[PDB]
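The sequence lines fix the lettering, A, B, ..., with proteins before strands; numbering per chain opens at 1. Just so you know, these numbers use all the heavy atoms, side chains as well, and skip hydrogens, waters and symmetry mates. Atoms within each ligand, like the ligands themselves, are counted from 1 in listed order.
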Amino acid sequence: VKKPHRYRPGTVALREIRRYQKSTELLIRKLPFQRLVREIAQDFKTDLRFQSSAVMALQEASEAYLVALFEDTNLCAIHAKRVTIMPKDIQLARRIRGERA
Amino acid sequence: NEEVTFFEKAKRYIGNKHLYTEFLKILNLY
Amino acid sequence: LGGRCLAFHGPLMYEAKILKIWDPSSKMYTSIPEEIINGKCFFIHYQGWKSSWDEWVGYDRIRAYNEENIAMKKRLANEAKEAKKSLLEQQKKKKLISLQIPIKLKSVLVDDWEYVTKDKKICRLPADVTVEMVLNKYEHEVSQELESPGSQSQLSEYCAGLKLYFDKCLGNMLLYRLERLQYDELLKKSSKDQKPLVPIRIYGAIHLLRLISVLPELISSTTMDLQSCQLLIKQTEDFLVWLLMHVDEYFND
Amino acid sequence: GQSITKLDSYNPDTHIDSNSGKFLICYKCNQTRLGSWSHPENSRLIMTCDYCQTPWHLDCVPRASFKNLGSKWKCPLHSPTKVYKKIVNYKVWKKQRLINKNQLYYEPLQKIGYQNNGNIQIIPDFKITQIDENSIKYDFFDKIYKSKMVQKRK
Amino acid sequence: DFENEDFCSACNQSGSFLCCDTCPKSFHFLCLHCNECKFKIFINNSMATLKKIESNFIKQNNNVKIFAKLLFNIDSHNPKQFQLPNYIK
Ligand SMILES: [Zn+2]
Ligand SMILES: [Zn+2]
């Protein structure tokens, strides 16, 4: 007899888009990314140490690359008359960029 | 005398009313 | 505090969690509209809703979180949706047991009936031995041997119930055609004296025997379990025995 | 020092009543033992019953471990469910399983008799009888007394 | 316009009687809407209300528990003439 205030799907998504394009703080949590970086590095040399600045630089580079990739992915998804990005969109973006063979 | 004091003493020593109800259930099985 | 509960809003239920419990006696809440401030009300946060809908609710609008209330909430939802569907359809349509008794007392009561209906006689006005006296003696002497609180409680309840029976059923179905005029005289005297009529202190043991005789239909017209029926039937038979031992004192003319 | 490991350190001194911050008192000794960090040997393990949150000392209800697993612990203070009886005459009594709110509670007229099987709903066809308070008193009273008179009969 | 009975429903005798306005039954002045119809209007033909009042009064009078429902029945049923034990019939 009242109904809660549910925003129509796609509204909070746009609000989040605005919020996260307005800000600059890193979006990936720091500890999980550091653990991932160390695990990946473990396959090239054992008993490696990382300067905190090194992990931060890796995180910034990775986040910037992923954001640019998602921009290209959204462009491809819109090109297909879609609104949802799908793995095929990421694959096409990477293929055109020249990253994926 | 003693009977009219036993259950009143029990309702004190056992405290919690739920424990007293379980006590009465156990008693009623007998 | 903090437990789950169901709360009223309109004709529907909503699950809620209690955040504050208000004690009007001490003027404090454990963690208000005037109409509920006097009584014990509760501040509740509804499950599935924002904090803006938190409110104080009294005992009337709240129910314990049990199976019965959940089922009643489901019934309310079902009837609400049914009503909405019915309203939509209406708009669319607009748009286009046995007892044993000794035979000596049977002869006594048959003689009584002959006296009343065929001999045109009536019981003497307030009797030298009243039913209350009879029941008091029965109770006093039946259990005088020793103290058995439970059995004595049974007997006392039986006697009190028999007294209430007399006082509720004399004017109803314990009188003959001819005794009605005497009953009318008695009630007119009571009205003039401004004293309510109490059959037990006026009518005699013969009418109590009448009551025992008519008991089985009333007992058959109850919700009492089988065991209770057996118990009071046994006690009725014991009373029959005890009064039969005293048949001459109460029924000899 | 954590888990089943509430047996390795005085670390779980938090056998204090969480909700109220008071001390969980065991029903038998009637006290809570925790000693100190400088005398952990004076602490005595305590557990709360899973059914009714009555604290018990592991040394009061003789036990060697916290359950933490398997079934829910039940005090020695609850009523039996299986009442295996020998009079061999191994006659079993089980308490009827809880029924959906089909459940019936047909009210007594009380006093002696009224033989329920064992099912009861204390009140101030699987019919949970509703025995109130004084009926139990009288029923036990006359049971033990009339049994003693029967012994006299012997 | 139901015709009221010419014999008292309590004693089955002809005479001067008061007639109930909701049933054909009529009662003598000495045998006393009837009690049954009064109780019917009170209950409004709702069995759930009947049972709820039944439980309520069974509760309040704990001293006469053994006969509570029959006490009810006295107060809800109209009087009728007394009969000796019909063990024969
Ligand atoms: Zn327990
Ligand atoms: Zn202990």
Is it true that the NZ or CZ of D:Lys85 lies under 6.0 Å from the centre of D:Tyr90's six-membered ring and within 45 degrees of the ring axis? no

Determine yes or no for a side-chain-to-main-chain donor-acceptor pair under 3.5 angstrom, with C:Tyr138 supplying the side chain and C:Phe239 the backbone. yes

Where does the angle between the aromatic ring planes of B:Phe6 and D:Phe140 fall among parallel (under 30°), tilted (30 to 60°) and perpendicular (over 60°)? tilted

Is the backbone of C:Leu232 close enough, under 3.5 Å, to the side chain of C:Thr236 for a donor and an acceptor to pair up by distance? yes

Side-chain donor or acceptor of B:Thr5 paired with backbone N/O of B:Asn1 under 3.5 Å: yes

Which residues and atoms, protein N, O or S only, are under 2.8 Å from the Zn ion (ligand 1)? D:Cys49 SG, D:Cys52 SG, D:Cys75 SG, D:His78 NE2

Among the N, O or S atoms that D:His57 has, which is closest to the Zn ion (ligand 2)? ND1

Ignoring hydrogens and geometry, is there a side-chain-to-backbone donor-acceptor pair from E:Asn44 to E:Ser46 under 3.5 Å? no

Test item: C:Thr222 side-chain N/O and C:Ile219 main-chain N/O as donor-acceptor pair under 3.5 Å: yes

Angle subtended at the Zn ion (ligand 2) by SG of D:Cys60 and SG of D:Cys26, to 10 degrees? 110°

